[PDB]
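The file work-v7.txt comes next; it holds compact mmCIF, C-alpha atoms and all ligand atoms.
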```txt
# COMPACT_ATOMS: atom_id res chain seq x y z
CA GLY A 1 25.15 251.54 75.46
CA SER A 2 21.80 249.86 74.78
CA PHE A 3 20.27 251.62 77.81
CA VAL A 4 19.46 254.89 75.97
CA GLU A 5 15.75 254.49 76.79
CA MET A 6 16.74 254.33 80.48
CA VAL A 7 18.90 257.50 80.43
CA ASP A 8 17.34 260.60 82.06
CA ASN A 9 14.65 258.62 83.93
CA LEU A 10 15.34 260.29 87.29
CA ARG A 11 13.95 263.59 88.58
CA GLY A 12 13.80 265.42 91.92
CA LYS A 13 14.32 268.81 93.58
CA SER A 14 17.35 269.71 95.72
CA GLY A 15 17.35 268.06 99.17
CA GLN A 16 13.98 266.39 98.57
CA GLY A 17 15.02 263.15 96.84
CA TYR A 18 15.48 261.51 93.44
CA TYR A 19 12.55 259.54 92.04
CA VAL A 20 11.68 257.17 89.17
CA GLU A 21 8.43 256.59 87.27
CA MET A 22 6.76 253.32 88.29
CA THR A 23 3.33 251.73 87.84
CA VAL A 24 1.43 249.55 90.32
CA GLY A 25 -1.56 247.27 89.70
CA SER A 26 -3.85 246.61 86.75
CA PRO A 27 -4.72 248.82 84.98
CA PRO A 28 -1.32 250.52 85.68
CA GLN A 29 -1.53 253.33 88.24
CA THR A 30 1.44 255.66 87.71
CA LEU A 31 3.38 256.91 90.74
CA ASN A 32 6.73 258.61 91.35
CA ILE A 33 8.95 256.52 93.61
CA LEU A 34 11.87 257.69 95.77
CA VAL A 35 15.06 255.77 95.00
CA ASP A 36 16.49 254.61 98.34
CA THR A 37 19.53 252.34 98.70
CA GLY A 38 19.44 252.83 102.49
CA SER A 39 16.24 250.82 103.03
CA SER A 40 14.67 247.59 101.74
CA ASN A 41 10.89 248.13 101.63
CA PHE A 42 8.75 248.98 98.62
CA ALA A 43 5.94 251.15 99.93
CA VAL A 44 3.54 253.58 98.28
CA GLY A 45 0.97 256.08 99.54
CA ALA A 46 -2.36 254.24 99.50
CA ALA A 47 -4.52 256.82 101.29
CA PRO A 48 -4.92 260.61 100.79
CA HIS A 49 -2.31 262.89 102.39
CA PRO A 50 -1.75 266.72 102.37
CA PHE A 51 1.47 266.30 100.32
CA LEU A 52 0.16 263.57 97.98
CA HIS A 53 -1.44 264.56 94.67
CA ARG A 54 -2.03 260.90 93.79
CA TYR A 55 -2.03 257.57 95.64
CA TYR A 56 -2.34 253.79 95.17
CA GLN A 57 -5.95 252.61 95.02
CA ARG A 58 -6.05 248.88 95.85
CA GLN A 59 -9.77 248.45 95.08
CA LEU A 60 -9.20 249.54 91.45
CA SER A 61 -6.53 246.86 90.92
CA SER A 62 -7.65 243.36 89.90
CA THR A 63 -4.18 241.91 90.48
CA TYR A 64 -3.92 243.17 94.08
CA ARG A 65 -3.48 240.43 96.69
CA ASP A 66 -3.96 241.20 100.39
CA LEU A 67 -1.33 239.75 102.73
CA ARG A 68 -3.60 240.78 105.64
CA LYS A 69 -0.74 242.05 107.83
CA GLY A 70 0.06 245.53 109.16
CA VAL A 71 3.57 246.95 108.83
CA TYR A 72 5.44 249.78 110.58
CA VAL A 73 8.74 251.17 109.24
CA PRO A 74 10.80 253.88 110.99
CA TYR A 75 13.73 255.52 109.19
CA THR A 76 16.38 258.00 110.38
CA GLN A 77 14.28 260.64 108.63
CA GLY A 78 10.56 259.89 108.59
CA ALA A 79 8.29 256.97 109.44
CA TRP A 80 5.17 255.33 108.03
CA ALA A 81 2.63 252.62 108.81
CA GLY A 82 0.57 250.52 106.42
CA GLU A 83 -0.80 247.19 105.23
CA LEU A 84 1.15 244.52 103.33
CA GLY A 85 0.17 243.05 99.95
CA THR A 86 1.42 242.07 96.49
CA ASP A 87 0.71 243.44 93.00
CA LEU A 88 2.13 243.85 89.49
CA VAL A 89 4.83 246.52 89.27
CA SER A 90 6.52 248.01 86.19
CA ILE A 91 9.14 250.67 85.44
CA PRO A 92 8.08 252.54 82.23
CA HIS A 93 11.58 253.97 81.64
CA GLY A 94 13.43 250.89 82.89
CA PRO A 95 13.51 247.21 81.82
CA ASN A 96 10.56 246.10 79.67
CA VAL A 97 9.18 243.67 82.27
CA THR A 98 6.35 243.21 84.80
CA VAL A 99 6.83 241.55 88.20
CA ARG A 100 4.76 240.64 91.25
CA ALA A 101 6.36 242.42 94.19
CA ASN A 102 5.62 243.06 97.84
CA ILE A 103 3.99 246.47 98.27
CA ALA A 104 3.31 248.11 101.63
CA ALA A 105 0.23 250.30 101.37
CA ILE A 106 1.01 253.46 103.36
CA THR A 107 -2.12 254.54 105.25
CA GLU A 108 -0.29 256.57 107.90
CA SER A 109 2.93 258.64 107.92
CA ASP A 110 5.04 261.18 109.86
CA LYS A 111 7.72 263.52 108.42
CA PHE A 112 7.99 261.14 105.44
CA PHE A 113 6.28 262.74 102.43
CA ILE A 114 7.80 266.12 101.50
CA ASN A 115 5.80 269.11 100.24
CA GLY A 116 6.54 269.68 96.54
CA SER A 117 8.84 266.64 96.24
CA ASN A 118 6.60 265.08 93.55
CA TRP A 119 7.09 261.49 94.80
CA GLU A 120 4.39 259.25 96.31
CA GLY A 121 6.37 256.16 97.35
CA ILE A 122 9.71 254.61 98.27
CA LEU A 123 11.87 252.01 96.50
CA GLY A 124 14.03 250.18 99.04
CA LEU A 125 16.94 248.89 96.96
CA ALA A 126 18.98 247.40 99.83
CA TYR A 127 19.04 243.72 100.92
CA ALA A 128 16.45 241.58 102.75
CA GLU A 129 18.17 241.52 106.17
CA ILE A 130 17.16 245.13 107.01
CA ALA A 131 13.59 244.81 105.66
CA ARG A 132 10.59 245.14 107.99
CA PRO A 133 9.09 243.11 109.59
CA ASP A 134 11.80 240.54 108.74
CA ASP A 135 14.02 239.18 105.93
CA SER A 136 11.15 236.98 104.67
CA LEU A 137 9.60 240.04 103.02
CA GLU A 138 11.35 239.96 99.64
CA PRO A 139 12.63 243.38 98.42
CA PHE A 140 11.63 244.62 94.95
CA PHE A 141 15.00 244.04 93.27
CA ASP A 142 15.21 240.46 94.57
CA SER A 143 11.75 239.87 93.06
CA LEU A 144 12.84 241.49 89.77
CA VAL A 145 16.00 239.35 89.50
CA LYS A 146 14.23 236.08 90.45
CA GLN A 147 11.34 236.57 87.98
CA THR A 148 13.15 238.02 84.94
CA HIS A 149 16.44 237.88 82.99
CA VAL A 150 17.45 241.36 84.24
CA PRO A 151 20.95 240.93 85.79
CA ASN A 152 21.65 241.34 89.52
CA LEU A 153 22.99 244.89 89.07
CA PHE A 154 21.87 248.53 88.94
CA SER A 155 23.68 251.87 88.56
CA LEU A 156 22.84 255.38 89.75
CA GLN A 157 23.83 258.75 88.30
CA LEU A 158 22.36 261.48 90.51
CA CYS A 159 22.64 264.91 88.86
CA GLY A 160 22.61 268.08 90.96
CA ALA A 161 21.84 271.50 89.48
CA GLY A 162 17.90 264.73 87.11
CA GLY A 163 20.00 261.69 86.24
CA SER A 164 19.74 258.00 85.39
CA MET A 165 18.98 254.74 87.14
CA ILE A 166 20.26 252.01 84.82
CA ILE A 167 18.70 248.69 85.85
CA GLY A 168 20.55 245.63 84.56
CA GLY A 169 23.69 247.25 83.15
CA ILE A 170 26.08 250.19 82.85
CA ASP A 171 25.88 253.13 80.43
CA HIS A 172 29.42 254.30 79.64
CA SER A 173 28.34 257.78 78.50
CA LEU A 174 27.29 258.57 82.09
CA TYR A 175 30.89 258.63 83.37
CA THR A 176 34.46 259.69 82.55
CA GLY A 177 37.72 257.91 83.43
CA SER A 178 38.06 254.46 85.01
CA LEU A 179 35.62 252.56 87.24
CA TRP A 180 37.00 251.64 90.67
CA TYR A 181 35.27 249.01 92.80
CA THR A 182 35.04 248.70 96.59
CA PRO A 183 33.88 245.43 98.25
CA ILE A 184 30.48 245.16 99.92
CA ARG A 185 31.30 244.16 103.51
CA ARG A 186 27.87 242.66 104.29
CA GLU A 187 24.61 242.31 102.36
CA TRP A 188 22.20 244.38 104.47
CA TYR A 189 22.87 248.05 103.81
CA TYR A 190 25.35 248.82 101.05
CA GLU A 191 28.16 248.65 103.62
CA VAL A 192 31.60 249.80 102.48
CA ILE A 193 34.89 250.47 104.30
CA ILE A 194 36.62 253.86 104.42
CA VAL A 195 40.38 253.61 105.04
CA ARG A 196 41.45 257.28 104.94
CA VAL A 197 39.93 260.78 104.87
CA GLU A 198 41.66 263.89 103.49
CA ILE A 199 40.61 267.54 103.68
CA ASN A 200 42.45 269.49 100.95
CA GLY A 201 45.20 266.85 100.80
CA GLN A 202 45.66 266.77 104.58
CA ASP A 203 45.13 263.50 106.47
CA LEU A 204 42.78 263.63 109.48
CA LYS A 205 45.19 261.27 111.29
CA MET A 206 42.56 259.10 112.96
CA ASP A 207 42.26 255.35 113.51
CA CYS A 208 40.41 254.16 110.39
CA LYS A 209 37.86 252.33 112.59
CA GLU A 210 36.45 255.75 113.53
CA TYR A 211 35.61 256.42 109.86
CA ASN A 212 33.40 253.31 109.97
CA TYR A 213 32.27 253.46 113.62
CA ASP A 214 29.07 251.40 113.47
CA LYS A 215 29.06 251.28 109.63
CA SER A 216 29.77 253.16 106.39
CA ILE A 217 26.94 252.97 103.84
CA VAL A 218 26.00 254.23 100.36
CA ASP A 219 22.57 255.87 100.56
CA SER A 220 20.71 257.65 97.75
CA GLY A 221 17.82 258.25 100.18
CA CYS A 222 19.94 260.68 102.20
CA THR A 223 20.80 264.28 101.32
CA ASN A 224 23.89 264.71 103.50
CA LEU A 225 27.30 263.18 103.96
CA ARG A 226 26.79 262.07 107.56
CA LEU A 227 29.85 261.38 109.71
CA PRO A 228 30.31 259.79 113.17
CA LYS A 229 30.63 262.29 116.05
CA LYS A 230 34.45 262.13 116.22
CA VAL A 231 34.99 262.26 112.43
CA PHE A 232 32.47 265.10 112.00
CA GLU A 233 34.26 267.24 114.61
CA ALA A 234 37.68 266.58 113.04
CA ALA A 235 36.27 267.31 109.56
CA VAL A 236 34.52 270.59 110.44
CA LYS A 237 37.63 272.01 112.17
CA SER A 238 39.67 271.09 109.08
CA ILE A 239 37.16 272.55 106.59
CA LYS A 240 36.82 275.66 108.79
CA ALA A 241 40.61 276.20 108.87
CA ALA A 242 40.96 275.69 105.09
CA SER A 243 38.16 278.18 104.34
CA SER A 244 39.25 280.77 106.94
CA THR A 245 39.57 283.33 104.12
CA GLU A 246 35.90 284.06 104.85
CA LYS A 247 34.22 283.98 108.27
CA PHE A 248 30.89 282.21 108.72
CA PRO A 249 28.41 282.01 111.63
CA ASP A 250 28.71 278.90 113.84
CA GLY A 251 25.18 277.77 112.93
CA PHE A 252 26.21 277.35 109.28
CA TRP A 253 28.51 274.43 110.16
CA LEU A 254 25.47 272.80 111.79
CA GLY A 255 22.97 273.22 108.93
CA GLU A 256 21.08 275.73 111.09
CA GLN A 257 22.22 278.75 109.06
CA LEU A 258 22.71 279.42 105.34
CA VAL A 259 25.45 281.34 103.51
CA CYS A 260 24.67 283.53 100.49
CA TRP A 261 26.56 285.32 97.71
CA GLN A 262 25.65 287.42 94.66
CA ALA A 263 24.52 285.49 91.56
CA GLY A 264 27.53 283.92 89.82
CA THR A 265 30.03 285.40 92.30
CA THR A 266 30.21 282.29 94.52
CA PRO A 267 33.91 281.70 95.36
CA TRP A 268 34.26 277.91 95.37
CA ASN A 269 38.07 278.29 95.52
CA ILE A 270 38.03 279.15 99.24
CA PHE A 271 36.38 275.82 100.14
CA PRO A 272 38.59 272.69 100.30
CA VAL A 273 38.17 269.37 98.49
CA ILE A 274 37.20 266.24 100.44
CA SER A 275 38.75 262.86 99.61
CA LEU A 276 37.37 259.55 100.88
CA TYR A 277 39.67 256.56 100.45
CA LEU A 278 37.83 253.29 99.93
CA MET A 279 39.12 249.73 100.33
CA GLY A 280 40.17 248.23 96.99
CA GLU A 281 39.38 244.76 95.63
CA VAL A 282 43.09 243.87 95.57
CA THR A 283 44.77 243.19 98.94
CA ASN A 284 46.67 246.21 100.34
CA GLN A 285 45.12 248.47 97.68
CA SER A 286 42.82 251.49 97.92
CA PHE A 287 41.37 254.24 95.75
CA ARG A 288 40.18 257.76 96.59
CA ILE A 289 37.03 259.63 95.61
CA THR A 290 37.27 263.42 95.74
CA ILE A 291 34.30 265.80 96.03
CA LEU A 292 34.08 269.57 95.54
CA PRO A 293 32.23 272.30 97.50
CA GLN A 294 29.65 272.07 94.68
CA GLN A 295 28.71 268.67 96.15
CA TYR A 296 28.75 269.32 99.92
CA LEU A 297 27.22 272.80 99.64
CA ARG A 298 23.69 272.51 98.24
CA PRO A 299 21.56 275.33 96.72
CA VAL A 300 18.63 276.60 98.83
CA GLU A 301 15.37 278.28 97.72
CA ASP A 302 21.61 285.83 95.14
CA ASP A 303 22.73 282.20 95.53
CA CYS A 304 22.27 280.64 98.98
CA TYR A 305 23.74 277.35 100.20
CA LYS A 306 23.41 274.92 103.11
CA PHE A 307 26.32 272.96 104.60
CA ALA A 308 25.37 269.40 103.67
CA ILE A 309 27.70 267.59 106.05
CA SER A 310 26.12 266.61 109.37
CA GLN A 311 26.90 264.41 112.38
CA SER A 312 25.67 260.84 112.84
CA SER A 313 25.23 258.35 115.68
CA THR A 314 24.59 255.36 113.38
CA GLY A 315 27.84 255.55 111.37
CA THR A 316 28.96 257.10 108.08
CA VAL A 317 26.24 257.80 105.50
CA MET A 318 27.49 258.50 101.97
CA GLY A 319 24.48 260.47 100.73
CA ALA A 320 23.61 262.55 97.66
CA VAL A 321 26.56 264.80 98.58
CA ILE A 322 28.87 261.93 97.61
CA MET A 323 26.71 260.39 94.86
CA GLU A 324 26.08 263.61 92.88
CA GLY A 325 29.80 263.75 92.10
CA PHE A 326 29.98 260.16 90.85
CA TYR A 327 28.43 257.49 88.67
CA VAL A 328 27.79 254.74 91.24
CA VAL A 329 27.51 251.08 90.22
CA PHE A 330 25.71 248.75 92.64
CA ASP A 331 27.14 245.42 91.48
CA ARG A 332 25.15 243.01 93.65
CA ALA A 333 26.16 239.94 91.61
CA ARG A 334 29.85 240.52 92.41
CA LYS A 335 29.33 241.96 95.93
CA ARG A 336 31.03 245.28 95.05
CA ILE A 337 30.31 248.98 94.50
CA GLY A 338 31.83 250.96 91.62
CA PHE A 339 32.74 254.65 91.53
CA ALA A 340 33.50 256.73 88.44
CA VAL A 341 33.62 260.49 87.76
CA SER A 342 30.08 261.52 86.77
CA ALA A 343 29.62 263.21 83.38
CA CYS A 344 26.84 265.38 84.86
CA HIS A 345 28.58 266.37 88.11
CA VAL A 346 28.73 270.08 88.97
CA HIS A 347 32.22 271.60 88.69
CA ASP A 348 34.08 274.75 87.65
CA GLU A 349 36.90 275.60 85.20
CA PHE A 350 39.54 275.27 87.95
CA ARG A 351 38.58 272.00 89.67
CA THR A 352 36.78 268.73 88.93
CA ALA A 353 35.70 265.67 90.93
CA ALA A 354 38.14 262.74 90.85
CA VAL A 355 38.38 258.95 91.21
CA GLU A 356 42.03 257.91 91.50
CA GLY A 357 44.14 254.84 92.34
CA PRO A 358 45.76 252.58 93.27
CA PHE A 359 47.25 253.45 96.68
CA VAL A 360 49.28 251.25 99.04
CA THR A 361 47.55 250.60 102.38
CA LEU A 362 48.63 248.17 105.13
CA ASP A 363 46.18 246.61 107.63
CA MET A 364 42.89 247.33 105.83
CA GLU A 365 40.68 244.68 107.48
CA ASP A 366 41.07 246.51 110.81
CA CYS A 367 39.15 249.57 109.54
CA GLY A 368 35.83 247.72 109.97
CA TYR A 369 33.86 247.92 113.22
CA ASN A 370 33.03 244.69 115.08
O1 LIG B 401 15.95 258.30 106.65
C1 LIG B 401 16.21 258.63 105.50
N1 LIG B 401 17.44 258.96 105.10
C2 LIG B 401 18.58 259.00 106.01
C3 LIG B 401 18.73 260.36 106.68
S1 LIG B 401 19.64 261.48 105.57
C4 LIG B 401 15.13 258.68 104.46
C5 LIG B 401 14.69 260.13 104.21
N2 LIG B 401 13.72 260.05 103.11
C6 LIG B 401 13.38 261.37 102.60
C7 LIG B 401 14.46 261.91 101.69
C8 LIG B 401 15.09 261.07 100.76
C9 LIG B 401 16.09 261.58 99.93
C10 LIG B 401 16.45 262.92 100.02
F1 LIG B 401 17.41 263.40 99.21
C11 LIG B 401 15.82 263.76 100.94
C12 LIG B 401 14.83 263.25 101.77
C13 LIG B 401 12.50 259.36 103.54
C14 LIG B 401 12.94 257.93 103.82
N3 LIG B 401 13.99 257.86 104.82
```
Show this structure as structure tokens.
Ligand SMILES: O=C(NCCS)[C@@H]1CN(Cc2ccc(F)cc2)CCN1
Amino acid sequence: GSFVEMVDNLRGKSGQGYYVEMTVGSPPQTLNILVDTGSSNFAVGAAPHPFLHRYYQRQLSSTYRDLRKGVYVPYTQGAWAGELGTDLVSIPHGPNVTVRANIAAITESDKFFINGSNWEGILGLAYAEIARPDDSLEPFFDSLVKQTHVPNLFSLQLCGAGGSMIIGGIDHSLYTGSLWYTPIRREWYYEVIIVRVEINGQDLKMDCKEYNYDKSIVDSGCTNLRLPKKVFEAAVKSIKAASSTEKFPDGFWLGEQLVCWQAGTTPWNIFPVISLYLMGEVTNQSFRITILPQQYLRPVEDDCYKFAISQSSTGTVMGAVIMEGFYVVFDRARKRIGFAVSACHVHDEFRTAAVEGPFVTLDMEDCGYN
């Protein structure tokens, strides 16, 4: 592909977030920006903070325009407050363009910036509907598409232990096998529909509406695979039974406790695979995406791991757990999301992550929550 200058543009430590190099203002002030497909605001630190090494200085930028309006944005994890404005933004290792975008200048925050994360801002890649204060505040990618010839598409390859955010196209060297697409249900979050869940080839036997109770979303700005109360309970009991060859403390299945082994001795074989079936583009068709323990058990600072599946009250969140196993294509132009086996995904000599289809499924439209 012609996106070789875009490959390997992502960095970020385990459980802290993946970020891209971006510049704001004139002359260009370089900052590292969290890639977040679960929000829609572009906001950078614009005042000193204990965890910030650098921040956006508006007085040093000649192209800064004050919108003279304060903004507050709460997330599931973290919140910030700031002042709205516009300025020139560029992505050094992305498309060779410069755009005027809405930037929220973060002057106040809580549980947002992470110590040692190395990022100083957030790139909300989702749609305008879920942007604060309202959908009149144009997200960065909408600005980028409207002002340049860069196509209405981006793709993410999150690599657990870097990765690539390809803006405008698809690099074929970042995946193996075929690309399977699932329809975007609504343009707010990256809402998808899960039709079936399997733990080590065993169906959870639940009404498929439970898998999407509230919503099912694709979110790079989330560490965990988060599941609705009912689905989480059913999943944990199934994972616990499949991995009964070793006993673990009850706090481990809650993220409260860690589990450790000797270096290189980690027995991945005892932990089951997890398959999420996603609605296909063709009527009565579906495809499954299968993740390994390497994805849902994440290394902690002997090799120690944290159980990276948690419970949710706001629906299914397909986080980095899911996305680190796959090359994900956010095809906005065709209202669909693509999944392919990542070339950088962590696996062993016995098992690998999989994207397989098609599968026959009757009554798919029901699976969505109303
Ligand atoms: O609410 C949020 N995500 C959903 C909960 S998992 C995000 C959390 N993010 C910090 C963060 C992002 C990515 C990551 F890998 C680890 C941490 C700040 C913005 N809001």
Test item: residues no farther than 9 Å from ligand LIG 401 (chain B), counting all atoms listed in the file, as a VMD selection string:
chain A and resid 12 to 19 34 to 36 38 to 39 74 to 79 111 to 114 117 122 219 to 226 317 319 to 320
Could you dump the residues just selected with C-alpha atoms as an mmCIF file, in the coordinates of the input?
```
data_model
loop_
_atom_site.group_PDB
_atom_site.id
_atom_site.type_symbol
_atom_site.label_atom_id
_atom_site.label_comp_id
_atom_site.auth_asym_id
_atom_site.auth_seq_id
_atom_site.Cartn_x
_atom_site.Cartn_y
_atom_site.Cartn_z
ATOM 1 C CA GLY A 12 13.800 265.420 91.920
ATOM 2 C CA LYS A 13 14.320 268.810 93.580
ATOM 3 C CA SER A 14 17.350 269.710 95.720
ATOM 4 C CA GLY A 15 17.350 268.060 99.170
ATOM 5 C CA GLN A 16 13.980 266.390 98.570
ATOM 6 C CA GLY A 17 15.020 263.150 96.840
ATOM 7 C CA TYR A 18 15.480 261.510 93.440
ATOM 8 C CA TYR A 19 12.550 259.540 92.040
ATOM 9 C CA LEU A 34 11.870 257.690 95.770
ATOM 10 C CA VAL A 35 15.060 255.770 95.000
ATOM 11 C CA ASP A 36 16.490 254.610 98.340
ATOM 12 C CA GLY A 38 19.440 252.830 102.490
ATOM 13 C CA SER A 39 16.240 250.820 103.030
ATOM 14 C CA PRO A 74 10.800 253.880 110.990
ATOM 15 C CA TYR A 75 13.730 255.520 109.190
ATOM 16 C CA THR A 76 16.380 258.000 110.380
ATOM 17 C CA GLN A 77 14.280 260.640 108.630
ATOM 18 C CA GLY A 78 10.560 259.890 108.590
ATOM 19 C CA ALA A 79 8.290 256.970 109.440
ATOM 20 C CA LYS A 111 7.720 263.520 108.420
ATOM 21 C CA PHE A 112 7.990 261.140 105.440
ATOM 22 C CA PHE A 113 6.280 262.740 102.430
ATOM 23 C CA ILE A 114 7.800 266.120 101.500
ATOM 24 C CA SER A 117 8.840 266.640 96.240
ATOM 25 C CA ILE A 122 9.710 254.610 98.270
ATOM 26 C CA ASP A 219 22.570 255.870 100.560
ATOM 27 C CA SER A 220 20.710 257.650 97.750
ATOM 28 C CA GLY A 221 17.820 258.250 100.180
ATOM 29 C CA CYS A 222 19.940 260.680 102.200
ATOM 30 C CA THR A 223 20.800 264.280 101.320
ATOM 31 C CA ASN A 224 23.890 264.710 103.500
ATOM 32 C CA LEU A 225 27.300 263.180 103.960
ATOM 33 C CA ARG A 226 26.790 262.070 107.560
ATOM 34 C CA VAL A 317 26.240 257.800 105.500
ATOM 35 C CA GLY A 319 24.480 260.470 100.730
ATOM 36 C CA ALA A 320 23.610 262.550 97.660
#
```
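In this comparison, which uses all atoms listed in the file, the residue of A:330, A:189, A:277, A:211 approaching residue 354 of chain A most closely is A:277.
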May I ask for the distance between atom CA of residue 97 of chain A and atom CA of residue 174 of chain A, given in Å to one decimal place?
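Atom CA of residue 174 of chain A lies at a distance of 23.5 Å from atom CA of residue 97 of chain A.
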Excluding residue 288 of chain A and residues on its chain fewer than 6 positions from it, collect all residues at most 8 Å away from it, counting all atoms listed in the file, and give them as a PyMOL selection string.
chain A and resi 275-278+354-357
Two-atom distance - atom CA of residue 146 of chain A, atom CA of residue 86 of chain A (Å):
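Separating atom CA of residue 146 of chain A from atom CA of residue 86 of chain A is a distance of 15.4 Å.
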With all atoms listed in the file as the counted atoms, please give the residues lying no more than 12 Å from residue 125 of chain A, apart from itself and same-chain residues fewer than 3 positions off, as a ChimeraX atom specification.
/A:33-43,122,128-131,138-144,152-156,165,167,187-190,218-221,330,332
What does the file look like for those residues with C-alpha atoms, as a PDB file, in the coordinates of the input?
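Result went into part_5.pdb, see below:
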```pdb
ATOM      1  CA  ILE A  33       8.950 256.520  93.610  1.00  0.00           C
ATOM      2  CA  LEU A  34      11.870 257.690  95.770  1.00  0.00           C
ATOM      3  CA  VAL A  35      15.060 255.770  95.000  1.00  0.00           C
ATOM      4  CA  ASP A  36      16.490 254.610  98.340  1.00  0.00           C
ATOM      5  CA  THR A  37      19.530 252.340  98.700  1.00  0.00           C
ATOM      6  CA  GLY A  38      19.440 252.830 102.490  1.00  0.00           C
ATOM      7  CA  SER A  39      16.240 250.820 103.030  1.00  0.00           C
ATOM      8  CA  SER A  40      14.670 247.590 101.740  1.00  0.00           C
ATOM      9  CA  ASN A  41      10.890 248.130 101.630  1.00  0.00           C
ATOM     10  CA  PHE A  42       8.750 248.980  98.620  1.00  0.00           C
ATOM     11  CA  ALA A  43       5.940 251.150  99.930  1.00  0.00           C
ATOM     12  CA  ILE A 122       9.710 254.610  98.270  1.00  0.00           C
ATOM     13  CA  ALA A 128      16.450 241.580 102.750  1.00  0.00           C
ATOM     14  CA  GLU A 129      18.170 241.520 106.170  1.00  0.00           C
ATOM     15  CA  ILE A 130      17.160 245.130 107.010  1.00  0.00           C
ATOM     16  CA  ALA A 131      13.590 244.810 105.660  1.00  0.00           C
ATOM     17  CA  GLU A 138      11.350 239.960  99.640  1.00  0.00           C
ATOM     18  CA  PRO A 139      12.630 243.380  98.420  1.00  0.00           C
ATOM     19  CA  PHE A 140      11.630 244.620  94.950  1.00  0.00           C
ATOM     20  CA  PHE A 141      15.000 244.040  93.270  1.00  0.00           C
ATOM     21  CA  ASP A 142      15.210 240.460  94.570  1.00  0.00           C
ATOM     22  CA  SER A 143      11.750 239.870  93.060  1.00  0.00           C
ATOM     23  CA  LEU A 144      12.840 241.490  89.770  1.00  0.00           C
ATOM     24  CA  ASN A 152      21.650 241.340  89.520  1.00  0.00           C
ATOM     25  CA  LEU A 153      22.990 244.890  89.070  1.00  0.00           C
ATOM     26  CA  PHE A 154      21.870 248.530  88.940  1.00  0.00           C
ATOM     27  CA  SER A 155      23.680 251.870  88.560  1.00  0.00           C
ATOM     28  CA  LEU A 156      22.840 255.380  89.750  1.00  0.00           C
ATOM     29  CA  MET A 165      18.980 254.740  87.140  1.00  0.00           C
ATOM     30  CA  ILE A 167      18.700 248.690  85.850  1.00  0.00           C
ATOM     31  CA  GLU A 187      24.610 242.310 102.360  1.00  0.00           C
ATOM     32  CA  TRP A 188      22.200 244.380 104.470  1.00  0.00           C
ATOM     33  CA  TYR A 189      22.870 248.050 103.810  1.00  0.00           C
ATOM     34  CA  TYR A 190      25.350 248.820 101.050  1.00  0.00           C
ATOM     35  CA  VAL A 218      26.000 254.230 100.360  1.00  0.00           C
ATOM     36  CA  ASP A 219      22.570 255.870 100.560  1.00  0.00           C
ATOM     37  CA  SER A 220      20.710 257.650  97.750  1.00  0.00           C
ATOM     38  CA  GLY A 221      17.820 258.250 100.180  1.00  0.00           C
ATOM     39  CA  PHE A 330      25.710 248.750  92.640  1.00  0.00           C
ATOM     40  CA  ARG A 332      25.150 243.010  93.650  1.00  0.00           C
TER      41      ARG A 332
END
```
